[PDB]
Each structure stands twice: as structure tokens, then as C-alpha cells.
There are 2 protein chains.
Amino acid sequence: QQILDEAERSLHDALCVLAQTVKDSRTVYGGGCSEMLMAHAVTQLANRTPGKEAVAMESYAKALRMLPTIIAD
Amino acid sequence: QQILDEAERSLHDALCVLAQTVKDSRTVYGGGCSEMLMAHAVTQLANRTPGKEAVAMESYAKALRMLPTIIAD
């Protein structure tokens, strides 16, 4: 049971996504890829916006690029 | 003498920059604006240009906008 109760518990977790993936059948490229997409997007938006926002927005766009680091790290 | 000393050098400096302005009469925008343009491009470049060293090119591009930063405050 100790794996079995952990089984369904974590198994029920995909269901949430899956249930909502039933509702929205849609995808986003993982492995920090959508990060790097949203990175440049805000990374240029940093240079596209710029100001006290791009002060923050670059720092933002780094955490975007910080996600691909972790899994690779 | 010291003012006459620093006056000679800036004169000694200008004529050299003027003698090269005889040669290259391009006058490139100073006051950090050059830094910016280079910082923007090289950043745009580091985005695409390497697969790794985008570290240093933007870091380079960062050092560009530095000299601007210290004097605006």
C-alpha cells in the first residue's frame, strides 16, 4: 500500500492536467524551451519596453533562462 | 603650469584625433550613446551568435553601458 497510496496520489496529479488537457488539448515545449521562447520575448521586451520595467524585466527574463539551467544543472 | 600641462595634452590629444579626423572624418556619437548601440547590437548578437559565449558578448555589451551608468547619477 505504501507505494500504492503514493501511486494513485501522484497518479491523480496527471489527471488534473489530463482532465484540463481534455478541456484544453494544447501543449507547450518543455525542458526550458518555452522558457527560452518567453525569455527572448521578454528579453527583447526588456529592450522593447525599456525603463524601470526593463530594470526588472531583464532580471525577469533571466529567471526565464534560469529554469533551463536548473534541469541541466 | 598644471592647467597649461593638461591644456597641452588635450590639445596634443585633439590634433591626433583631428589628424585621424583628417583621415577618418567619421565622428562617432560619444557620451555612452556609442556604448549603447554596441551594447544593443552585441546583445542582439550574443542572443544568436554563440551557443555558449552569449555569456561574455552580452557581458561585453554590459560593460559598454557601464561607463554611461556611473555618470548619470
# chains A, B, ... in the order shown; residues from 1 in each chain; ligands from 1

call {"tool": "closest_atom_pairs", "arguments": {"of": "chain A", "to": "chain B", "cutoff": "9 Å", "atoms": "only C-alpha atoms", "output": "tab-separated table"}}
result
residue	atom	partner	partner_atom	distance
A:40	CA	B:47	CA	8.3
A:44	CA	B:44	CA	8.6
A:47	CA	B:40	CA	8.1

call {"tool": "write_last_selection", "arguments": {"atoms": "N, CA, C and O atoms", "output": "PDB file, in the first residue's frame"}}
result
ATOM      1  N   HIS A  40      13.513  35.345 -24.619  1.00  0.00           N
ATOM      2  CA  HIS A  40      13.700  36.309 -25.699  1.00  0.00           C
ATOM      3  C   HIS A  40      12.527  37.265 -25.774  1.00  0.00           C
ATOM      4  O   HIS A  40      12.716  38.486 -25.790  1.00  0.00           O
ATOM      5  N   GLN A  44      13.743  40.587 -25.407  1.00  0.00           N
ATOM      6  CA  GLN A  44      13.567  41.731 -26.291  1.00  0.00           C
ATOM      7  C   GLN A  44      12.599  42.735 -25.693  1.00  0.00           C
ATOM      8  O   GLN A  44      12.839  43.940 -25.790  1.00  0.00           O
ATOM      9  N   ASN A  47      14.343  45.137 -23.909  1.00  0.00           N
ATOM     10  CA  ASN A  47      14.821  46.176 -24.815  1.00  0.00           C
ATOM     11  C   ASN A  47      13.680  46.808 -25.615  1.00  0.00           C
ATOM     12  O   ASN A  47      13.865  47.861 -26.232  1.00  0.00           O
TER      13      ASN A  47
END

call {"tool": "calpha_fit_and_write", "arguments": {"fixed": "chain A", "moving": "chain B", "output": "CSV table (one decimal) with N, CA, C and O atoms, in the first residue's frame"}}
result
chain,number,residue,atom,x,y,z
B,1,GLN,N,3.4,1.7,0.4
B,1,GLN,CA,2.3,2.6,0.3
B,1,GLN,C,2.8,3.9,-0.3
B,1,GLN,O,2.1,4.5,-1.1
B,2,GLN,N,4.1,4.4,0.0
B,2,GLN,CA,4.6,5.7,-0.5
B,2,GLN,C,4.6,5.7,-2.0
B,2,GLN,O,4.2,6.8,-2.5
B,3,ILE,N,5.1,4.7,-2.6
B,3,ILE,CA,5.0,4.7,-4.1
B,3,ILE,C,3.6,4.7,-4.6
B,3,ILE,O,3.2,5.4,-5.5
B,4,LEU,N,2.7,3.9,-4.0
B,4,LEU,CA,1.3,3.9,-4.3
B,4,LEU,C,0.7,5.3,-3.9
B,4,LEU,O,-0.3,5.7,-4.5
B,5,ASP,N,1.3,6.0,-2.9
B,5,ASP,CA,0.9,7.3,-2.6
B,5,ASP,C,1.3,8.3,-3.7
B,5,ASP,O,0.5,9.1,-4.2
B,6,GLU,N,2.6,8.3,-4.1
B,6,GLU,CA,3.1,9.2,-5.1
B,6,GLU,C,2.6,8.8,-6.5
B,6,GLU,O,2.5,9.6,-7.4
B,7,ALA,N,2.1,7.5,-6.6
B,7,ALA,CA,1.5,7.1,-7.9
B,7,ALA,C,0.1,7.7,-8.0
B,7,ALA,O,-0.3,8.1,-9.1
B,8,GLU,N,-0.6,7.8,-6.9
B,8,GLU,CA,-2.0,8.4,-7.0
B,8,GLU,C,-1.9,9.9,-7.3
B,8,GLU,O,-2.7,10.3,-8.2
B,9,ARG,N,-1.0,10.6,-6.7
B,9,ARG,CA,-0.9,12.0,-6.9
B,9,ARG,C,-0.6,12.3,-8.4
B,9,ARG,O,-1.3,13.1,-9.1
B,10,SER,N,0.5,11.7,-8.9
B,10,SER,CA,0.8,11.9,-10.3
B,10,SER,C,-0.3,11.5,-11.2
B,10,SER,O,-0.6,12.2,-12.3
B,11,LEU,N,-1.1,10.4,-10.9
B,11,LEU,CA,-2.3,10.2,-11.5
B,11,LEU,C,-3.4,11.2,-11.2
B,11,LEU,O,-4.0,11.8,-12.1
B,12,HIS,N,-3.5,11.6,-9.9
B,12,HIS,CA,-4.4,12.7,-9.6
B,12,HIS,C,-4.0,14.0,-10.3
B,12,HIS,O,-4.8,14.8,-10.6
B,13,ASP,N,-2.7,14.1,-10.5
B,13,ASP,CA,-2.2,15.3,-11.2
B,13,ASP,C,-2.5,15.3,-12.7
B,13,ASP,O,-2.9,16.3,-13.3
B,14,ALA,N,-2.2,14.1,-13.3
B,14,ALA,CA,-2.3,14.0,-14.8
B,14,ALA,C,-3.7,14.2,-15.2
B,14,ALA,O,-4.0,15.1,-16.1
B,15,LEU,N,-4.6,13.4,-14.7
B,15,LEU,CA,-6.1,13.6,-15.1
B,15,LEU,C,-6.5,15.0,-15.0
B,15,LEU,O,-7.2,15.5,-15.9
B,16,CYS,N,-6.2,15.7,-13.9
B,16,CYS,CA,-6.5,17.2,-13.9
B,16,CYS,C,-5.8,17.9,-15.1
B,16,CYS,O,-6.5,18.7,-15.7
B,17,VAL,N,-4.5,17.6,-15.3
B,17,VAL,CA,-3.9,18.2,-16.5
B,17,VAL,C,-4.4,17.6,-17.8
B,17,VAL,O,-4.4,18.2,-18.8
B,18,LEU,N,-4.9,16.3,-17.7
B,18,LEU,CA,-5.7,15.7,-18.8
B,18,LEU,C,-7.1,16.3,-18.9
B,18,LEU,O,-7.5,16.5,-20.0
B,19,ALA,N,-7.8,16.5,-17.8
B,19,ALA,CA,-9.1,17.1,-17.9
B,19,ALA,C,-9.0,18.5,-18.4
B,19,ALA,O,-9.9,19.0,-19.1
B,20,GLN,N,-7.9,19.3,-18.1
B,20,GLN,CA,-7.7,20.5,-18.8
B,20,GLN,C,-7.2,20.4,-20.2
B,20,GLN,O,-7.3,21.3,-21.0
B,21,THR,N,-6.6,19.2,-20.5
B,21,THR,CA,-6.2,18.9,-21.8
B,21,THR,C,-7.5,18.5,-22.6
B,21,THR,O,-7.5,18.7,-23.9
B,22,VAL,N,-8.5,18.0,-22.0
B,22,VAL,CA,-9.8,17.9,-22.6
B,22,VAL,C,-10.3,19.4,-22.9
B,22,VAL,O,-10.8,19.6,-24.0
B,23,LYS,N,-10.1,20.3,-22.0
B,23,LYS,CA,-10.5,21.7,-22.3
B,23,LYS,C,-9.5,22.4,-23.2
B,23,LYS,O,-9.8,22.7,-24.3
B,24,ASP,N,-8.2,22.6,-22.7
B,24,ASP,CA,-7.2,23.1,-23.5
B,24,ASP,C,-6.3,22.0,-23.9
B,24,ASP,O,-5.4,21.6,-23.1
B,25,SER,N,-6.3,21.5,-25.2
B,25,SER,CA,-5.5,20.5,-25.6
B,25,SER,C,-4.2,21.0,-26.2
B,25,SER,O,-3.4,20.2,-26.7
B,26,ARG,N,-3.9,22.3,-26.1
B,26,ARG,CA,-2.6,22.8,-26.2
B,26,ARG,C,-1.6,22.1,-25.2
B,26,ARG,O,-1.8,22.1,-24.0
B,27,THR,N,-0.6,21.4,-25.8
B,27,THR,CA,0.5,20.9,-25.0
B,27,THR,C,1.7,21.8,-25.2
B,27,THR,O,2.3,21.7,-26.3
B,28,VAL,N,2.0,22.6,-24.3
B,28,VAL,CA,3.1,23.5,-24.4
B,28,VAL,C,4.4,22.8,-24.1
B,28,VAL,O,4.5,22.1,-23.1
B,29,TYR,N,5.4,23.1,-25.0
B,29,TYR,CA,6.7,22.4,-24.8
B,29,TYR,C,7.3,22.7,-23.4
B,29,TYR,O,7.4,23.8,-23.0
B,30,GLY,N,7.7,21.6,-22.7
B,30,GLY,CA,8.2,21.7,-21.4
B,30,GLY,C,9.7,21.6,-21.3
B,30,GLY,O,10.4,22.0,-22.2
B,31,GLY,N,10.2,21.0,-20.2
B,31,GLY,CA,11.6,20.8,-20.0
B,31,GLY,C,12.5,22.0,-20.1
B,31,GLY,O,13.6,21.9,-20.4
B,32,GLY,N,11.9,23.2,-19.8
B,32,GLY,CA,12.7,24.4,-19.9
B,32,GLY,C,12.6,25.1,-21.2
B,32,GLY,O,12.8,26.3,-21.3
B,33,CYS,N,12.2,24.4,-22.3
B,33,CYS,CA,12.0,25.0,-23.6
B,33,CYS,C,11.0,26.2,-23.5
B,33,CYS,O,11.2,27.2,-24.1
B,34,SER,N,9.9,25.9,-22.8
B,34,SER,CA,9.0,27.0,-22.5
B,34,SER,C,9.6,28.2,-21.8
B,34,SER,O,9.4,29.3,-22.2
B,35,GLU,N,10.5,27.9,-20.8
B,35,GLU,CA,11.2,28.9,-20.1
B,35,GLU,C,12.0,29.8,-21.1
B,35,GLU,O,11.9,31.0,-21.0
B,36,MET,N,12.7,29.1,-22.0
B,36,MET,CA,13.6,29.8,-22.9
B,36,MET,C,12.7,30.7,-23.8
B,36,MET,O,13.0,32.0,-23.8
B,37,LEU,N,11.8,30.2,-24.5
B,37,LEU,CA,10.9,31.0,-25.4
B,37,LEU,C,10.4,32.2,-24.6
B,37,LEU,O,10.4,33.4,-25.1
B,38,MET,N,9.8,32.0,-23.4
B,38,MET,CA,9.4,33.1,-22.6
B,38,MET,C,10.6,34.0,-22.2
B,38,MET,O,10.5,35.2,-22.2
B,39,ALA,N,11.7,33.4,-21.9
B,39,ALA,CA,12.9,34.2,-21.5
B,39,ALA,C,13.4,35.0,-22.7
B,39,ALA,O,13.8,36.2,-22.5
B,40,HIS,N,13.3,34.5,-23.9
B,40,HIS,CA,13.8,35.2,-25.1
B,40,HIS,C,12.8,36.4,-25.4
B,40,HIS,O,13.3,37.5,-25.5
B,41,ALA,N,11.6,36.1,-25.5
B,41,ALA,CA,10.6,37.1,-25.7
B,41,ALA,C,10.6,38.2,-24.7
B,41,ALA,O,10.9,39.4,-25.0
B,42,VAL,N,10.3,37.9,-23.4
B,42,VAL,CA,10.3,38.9,-22.3
B,42,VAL,C,11.6,39.7,-22.3
B,42,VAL,O,11.5,40.9,-22.1
B,43,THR,N,12.7,39.1,-22.6
B,43,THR,CA,14.0,39.8,-22.7
B,43,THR,C,13.9,40.8,-23.9
B,43,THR,O,14.2,42.0,-23.8
B,44,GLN,N,13.5,40.3,-25.1
B,44,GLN,CA,13.2,41.1,-26.2
B,44,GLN,C,12.2,42.2,-25.8
B,44,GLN,O,12.3,43.4,-26.2
B,45,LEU,N,11.2,41.9,-25.0
B,45,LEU,CA,10.2,42.9,-24.6
B,45,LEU,C,10.8,43.9,-23.6
B,45,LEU,O,10.8,45.1,-23.9
B,46,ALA,N,11.4,43.4,-22.5
B,46,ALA,CA,12.1,44.4,-21.6
B,46,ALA,C,13.0,45.3,-22.3
B,46,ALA,O,13.1,46.5,-21.9
B,47,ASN,N,13.7,44.9,-23.3
B,47,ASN,CA,14.5,45.8,-24.2
B,47,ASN,C,13.6,47.0,-24.6
B,47,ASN,O,13.9,48.1,-24.2
B,48,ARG,N,12.5,46.7,-25.3
B,48,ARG,CA,11.7,47.8,-25.7
B,48,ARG,C,10.7,48.3,-24.6
B,48,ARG,O,10.5,49.4,-24.3
B,49,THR,N,10.1,47.3,-23.9
B,49,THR,CA,8.8,47.5,-23.3
B,49,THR,C,8.8,48.6,-22.2
B,49,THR,O,8.2,49.6,-22.4
B,50,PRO,N,9.6,48.5,-21.2
B,50,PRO,CA,9.7,49.6,-20.2
B,50,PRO,C,10.8,50.6,-20.5
B,50,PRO,O,11.6,50.4,-21.4
B,51,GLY,N,10.9,51.7,-19.7
B,51,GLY,CA,12.0,52.6,-19.8
B,51,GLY,C,12.9,52.3,-18.5
B,51,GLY,O,14.0,52.9,-18.4
B,52,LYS,N,12.3,51.6,-17.6
B,52,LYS,CA,13.0,51.3,-16.3
B,52,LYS,C,13.0,49.8,-16.0
B,52,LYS,O,14.0,49.2,-15.9
B,53,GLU,N,11.8,49.3,-15.8
B,53,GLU,CA,11.5,47.9,-15.4
B,53,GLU,C,12.1,46.9,-16.3
B,53,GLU,O,12.0,45.7,-16.0
B,54,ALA,N,12.8,47.2,-17.4
B,54,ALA,CA,13.6,46.3,-18.1
B,54,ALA,C,14.5,45.5,-17.2
B,54,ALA,O,15.0,44.4,-17.5
B,55,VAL,N,14.8,46.2,-16.1
B,55,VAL,CA,15.4,45.4,-14.9
B,55,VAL,C,14.6,44.1,-14.7
B,55,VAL,O,15.2,43.0,-14.8
B,56,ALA,N,13.4,44.2,-14.3
B,56,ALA,CA,12.7,43.0,-13.8
B,56,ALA,C,12.2,42.1,-14.8
B,56,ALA,O,12.2,40.9,-14.6
B,57,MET,N,11.7,42.6,-16.0
B,57,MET,CA,11.2,41.6,-17.0
B,57,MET,C,12.3,40.7,-17.5
B,57,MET,O,12.1,39.4,-17.5
B,58,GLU,N,13.5,41.2,-17.8
B,58,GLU,CA,14.6,40.3,-18.1
B,58,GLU,C,15.0,39.5,-16.9
B,58,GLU,O,15.2,38.3,-17.0
B,59,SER,N,15.0,40.1,-15.7
B,59,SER,CA,15.1,39.4,-14.4
B,59,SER,C,14.1,38.2,-14.3
B,59,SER,O,14.5,37.1,-14.1
B,60,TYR,N,12.8,38.6,-14.6
B,60,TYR,CA,11.8,37.5,-14.8
B,60,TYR,C,12.3,36.5,-15.8
B,60,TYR,O,12.4,35.3,-15.6
B,61,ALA,N,12.6,37.0,-17.1
B,61,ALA,CA,13.1,36.2,-18.1
B,61,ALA,C,14.3,35.4,-17.7
B,61,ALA,O,14.5,34.2,-18.1
B,62,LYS,N,15.1,35.9,-16.8
B,62,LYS,CA,16.3,35.2,-16.2
B,62,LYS,C,15.8,34.0,-15.4
B,62,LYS,O,16.3,32.9,-15.5
B,63,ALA,N,14.8,34.3,-14.5
B,63,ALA,CA,14.3,33.2,-13.7
B,63,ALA,C,13.7,32.1,-14.5
B,63,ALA,O,13.8,30.9,-14.1
B,64,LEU,N,13.2,32.4,-15.7
B,64,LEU,CA,12.7,31.4,-16.6
B,64,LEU,C,13.8,30.4,-16.9
B,64,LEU,O,13.7,29.2,-16.6
B,65,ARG,N,14.9,30.8,-17.5
B,65,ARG,CA,16.0,29.9,-17.9
B,65,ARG,C,16.7,29.3,-16.7
B,65,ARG,O,17.5,28.3,-16.9
B,66,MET,N,16.4,29.7,-15.5
B,66,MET,CA,17.0,29.1,-14.3
B,66,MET,C,16.7,27.7,-14.2
B,66,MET,O,17.6,26.8,-14.2
B,67,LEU,N,15.4,27.3,-14.0
B,67,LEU,CA,15.0,25.9,-13.9
B,67,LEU,C,15.7,25.0,-14.9
B,67,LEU,O,16.1,23.9,-14.6
B,68,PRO,N,15.8,25.4,-16.2
B,68,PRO,CA,16.7,24.7,-17.1
B,68,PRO,C,18.1,24.5,-16.6
B,68,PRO,O,18.6,23.4,-16.8
B,69,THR,N,18.7,25.5,-16.0
B,69,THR,CA,20.1,25.5,-15.7
B,69,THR,C,20.5,24.5,-14.7
B,69,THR,O,21.5,23.8,-14.8
B,70,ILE,N,19.7,24.4,-13.6
B,70,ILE,CA,20.1,23.6,-12.5
B,70,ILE,C,20.2,22.1,-12.8
B,70,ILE,O,20.8,21.3,-12.1
B,71,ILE,N,19.5,21.7,-13.9
B,71,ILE,CA,19.4,20.2,-14.2
B,71,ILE,C,20.4,19.8,-15.3
B,71,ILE,O,20.5,18.6,-15.5
B,72,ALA,N,21.0,20.7,-16.0
B,72,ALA,CA,21.8,20.3,-17.1
B,72,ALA,C,23.2,19.8,-16.7
B,72,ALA,O,23.7,18.7,-17.1
B,73,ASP,N,23.8,20.5,-15.8
B,73,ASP,CA,24.9,19.9,-15.0
B,73,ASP,C,24.5,18.7,-14.3
B,73,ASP,O,25.4,17.8,-14.1

call {"tool": "decode", "arguments": {"residues": "stretch 5-72 of chain B", "atoms": "C-alpha atoms", "output": "PDB file, in the first residue's frame"}}
result
ATOM      1  CA  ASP B   5      50.075  70.985 -18.850  1.00  0.00           C
ATOM      2  CA  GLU B   6      46.600  69.456 -19.138  1.00  0.00           C
ATOM      3  CA  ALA B   7      45.797  72.003 -21.853  1.00  0.00           C
ATOM      4  CA  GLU B   8      48.708  70.772 -23.961  1.00  0.00           C
ATOM      5  CA  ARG B   9      47.671  67.117 -23.705  1.00  0.00           C
ATOM      6  CA  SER B  10      44.028  67.730 -24.629  1.00  0.00           C
ATOM      7  CA  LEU B  11      45.431  69.786 -27.495  1.00  0.00           C
ATOM      8  CA  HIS B  12      48.020  67.053 -28.066  1.00  0.00           C
ATOM      9  CA  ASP B  13      45.101  64.615 -27.890  1.00  0.00           C
ATOM     10  CA  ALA B  14      42.668  66.508 -30.128  1.00  0.00           C
ATOM     11  CA  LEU B  15      45.025  67.163 -33.055  1.00  0.00           C
ATOM     12  CA  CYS B  16      45.817  63.445 -33.082  1.00  0.00           C
ATOM     13  CA  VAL B  17      42.071  62.756 -33.050  1.00  0.00           C
ATOM     14  CA  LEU B  18      41.836  65.636 -35.526  1.00  0.00           C
ATOM     15  CA  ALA B  19      44.669  64.246 -37.664  1.00  0.00           C
ATOM     16  CA  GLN B  20      42.779  60.960 -37.729  1.00  0.00           C
ATOM     17  CA  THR B  21      39.668  63.027 -38.415  1.00  0.00           C
ATOM     18  CA  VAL B  22      41.635  64.230 -41.420  1.00  0.00           C
ATOM     19  CA  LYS B  23      41.926  60.525 -42.219  1.00  0.00           C
ATOM     20  CA  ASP B  24      38.656  59.160 -40.806  1.00  0.00           C
ATOM     21  CA  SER B  25      36.243  62.079 -40.576  1.00  0.00           C
ATOM     22  CA  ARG B  26      33.628  59.781 -39.132  1.00  0.00           C
ATOM     23  CA  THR B  27      32.692  61.289 -35.814  1.00  0.00           C
ATOM     24  CA  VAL B  28      31.024  58.510 -33.865  1.00  0.00           C
ATOM     25  CA  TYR B  29      28.423  59.519 -31.297  1.00  0.00           C
ATOM     26  CA  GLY B  30      30.054  59.628 -27.874  1.00  0.00           C
ATOM     27  CA  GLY B  31      28.844  60.126 -24.329  1.00  0.00           C
ATOM     28  CA  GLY B  32      27.853  56.473 -23.959  1.00  0.00           C
ATOM     29  CA  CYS B  33      25.498  56.530 -26.941  1.00  0.00           C
ATOM     30  CA  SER B  34      28.164  54.542 -28.787  1.00  0.00           C
ATOM     31  CA  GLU B  35      28.263  52.159 -25.815  1.00  0.00           C
ATOM     32  CA  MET B  36      24.502  51.679 -26.059  1.00  0.00           C
ATOM     33  CA  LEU B  37      24.412  50.965 -29.801  1.00  0.00           C
ATOM     34  CA  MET B  38      27.246  48.494 -29.353  1.00  0.00           C
ATOM     35  CA  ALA B  39      25.585  47.123 -26.212  1.00  0.00           C
ATOM     36  CA  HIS B  40      22.282  46.682 -28.048  1.00  0.00           C
ATOM     37  CA  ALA B  41      23.784  45.021 -31.135  1.00  0.00           C
ATOM     38  CA  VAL B  42      26.281  42.767 -29.334  1.00  0.00           C
ATOM     39  CA  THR B  43      23.443  41.733 -27.026  1.00  0.00           C
ATOM     40  CA  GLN B  44      21.288  41.030 -30.080  1.00  0.00           C
ATOM     41  CA  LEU B  45      24.320  39.204 -31.428  1.00  0.00           C
ATOM     42  CA  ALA B  46      25.118  37.149 -28.320  1.00  0.00           C
ATOM     43  CA  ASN B  47      21.481  36.089 -28.454  1.00  0.00           C
ATOM     44  CA  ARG B  48      22.049  34.409 -31.807  1.00  0.00           C
ATOM     45  CA  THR B  49      25.780  34.484 -32.262  1.00  0.00           C
ATOM     46  CA  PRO B  50      27.243  31.812 -29.933  1.00  0.00           C
ATOM     47  CA  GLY B  51      25.723  28.774 -28.295  1.00  0.00           C
ATOM     48  CA  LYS B  52      27.686  29.388 -25.101  1.00  0.00           C
ATOM     49  CA  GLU B  53      29.694  32.633 -25.088  1.00  0.00           C
ATOM     50  CA  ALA B  54      26.453  34.639 -25.195  1.00  0.00           C
ATOM     51  CA  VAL B  55      27.672  34.855 -21.622  1.00  0.00           C
ATOM     52  CA  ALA B  56      30.582  37.136 -22.498  1.00  0.00           C
ATOM     53  CA  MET B  57      29.310  39.105 -25.524  1.00  0.00           C
ATOM     54  CA  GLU B  58      26.372  40.492 -23.564  1.00  0.00           C
ATOM     55  CA  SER B  59      28.771  40.769 -20.626  1.00  0.00           C
ATOM     56  CA  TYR B  60      30.911  42.779 -23.027  1.00  0.00           C
ATOM     57  CA  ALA B  61      27.746  44.605 -24.101  1.00  0.00           C
ATOM     58  CA  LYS B  62      27.099  45.132 -20.381  1.00  0.00           C
ATOM     59  CA  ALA B  63      30.489  46.773 -19.871  1.00  0.00           C
ATOM     60  CA  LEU B  64      29.546  49.105 -22.719  1.00  0.00           C
ATOM     61  CA  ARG B  65      26.547  50.654 -20.950  1.00  0.00           C
ATOM     62  CA  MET B  66      28.563  50.754 -17.703  1.00  0.00           C
ATOM     63  CA  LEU B  67      30.554  53.929 -18.474  1.00  0.00           C
ATOM     64  CA  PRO B  68      27.192  55.610 -19.188  1.00  0.00           C
ATOM     65  CA  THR B  69      25.778  54.441 -15.850  1.00  0.00           C
ATOM     66  CA  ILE B  70      28.362  55.826 -13.436  1.00  0.00           C
ATOM     67  CA  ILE B  71      27.900  59.413 -14.585  1.00  0.00           C
ATOM     68  CA  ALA B  72      24.100  59.768 -14.783  1.00  0.00           C
TER      69      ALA B  72
END
